[PDB]
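*Asks:* Just passing along the structure, written as structure tokens.
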Amino acid sequence: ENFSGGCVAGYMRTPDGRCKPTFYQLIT
């Protein structure tokens, strides 16, 4: 909702409220 990125730089947010790294988002 809050478009600050998601979590960390390179970290998106999951529907759990936790963070996921977008590294495998670019490779997969």
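Note on naming: chains are A, B, ... as they come in the structure tokens, residues start from 1 per chain, ligands start from 1 in the order shown.
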Extract the full set of strand (DSSP E) residues from chain A according to DSSP on the backbone, and format it as a list in words.

*Replies:* residues 11, 12, 13, 19, 20 and 21 of chain A

*Asks:* Next, the residues of the selection above should be written as a short mmCIF file (atom, residue, chain, number, x, y, z; two decimals), in the first residue's frame with N, CA, C and O atoms.

*Replies:*
```
data_model
loop_
_atom_site.label_atom_id
_atom_site.label_comp_id
_atom_site.auth_asym_id
_atom_site.auth_seq_id
_atom_site.Cartn_x
_atom_site.Cartn_y
_atom_site.Cartn_z
N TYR A 11 14.21 -5.34 -1.44
CA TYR A 11 13.28 -6.17 -0.69
C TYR A 11 11.85 -5.69 -0.85
O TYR A 11 11.48 -4.61 -0.37
N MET A 12 11.05 -6.49 -1.51
CA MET A 12 9.63 -6.24 -1.66
C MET A 12 8.90 -6.74 -0.42
O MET A 12 9.51 -7.37 0.45
N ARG A 13 7.61 -6.49 -0.33
CA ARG A 13 6.83 -6.96 0.81
C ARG A 13 5.88 -8.06 0.37
O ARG A 13 5.30 -8.00 -0.72
N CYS A 19 9.17 -9.48 4.33
CA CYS A 19 9.90 -8.98 3.17
C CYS A 19 10.40 -10.14 2.30
O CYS A 19 10.66 -11.24 2.80
N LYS A 20 10.51 -9.88 1.00
CA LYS A 20 11.04 -10.85 0.05
C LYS A 20 12.04 -10.13 -0.86
O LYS A 20 11.75 -9.04 -1.33
N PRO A 21 13.21 -10.70 -1.11
CA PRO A 21 14.21 -10.05 -1.97
C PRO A 21 13.91 -10.23 -3.46
O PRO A 21 13.71 -11.35 -3.95
#
```

*Asks:* Among chain A, which ones does DSSP assign to alpha helix (DSSP H) (computed from the backbone)? Answer as number ranges by chain.

*Replies:* A: 23-27

*Asks:* Please measure the separation of CA of residue 18 (chain A) and CA of residue 3 (chain A), giving the value in Å to one decimal.

*Replies:*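 One can read the CA of residue 18 (chain A) to CA of residue 3 (chain A) distance as 14.9 Å.
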
*Asks:* Just the number, please: distance in Å from CA of residue 28 (chain A) to CA of residue 1 (chain A), one decimal.

*Replies:*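 We find that CA of residue 28 (chain A) and CA of residue 1 (chain A) lie 24.1 Å from each other.
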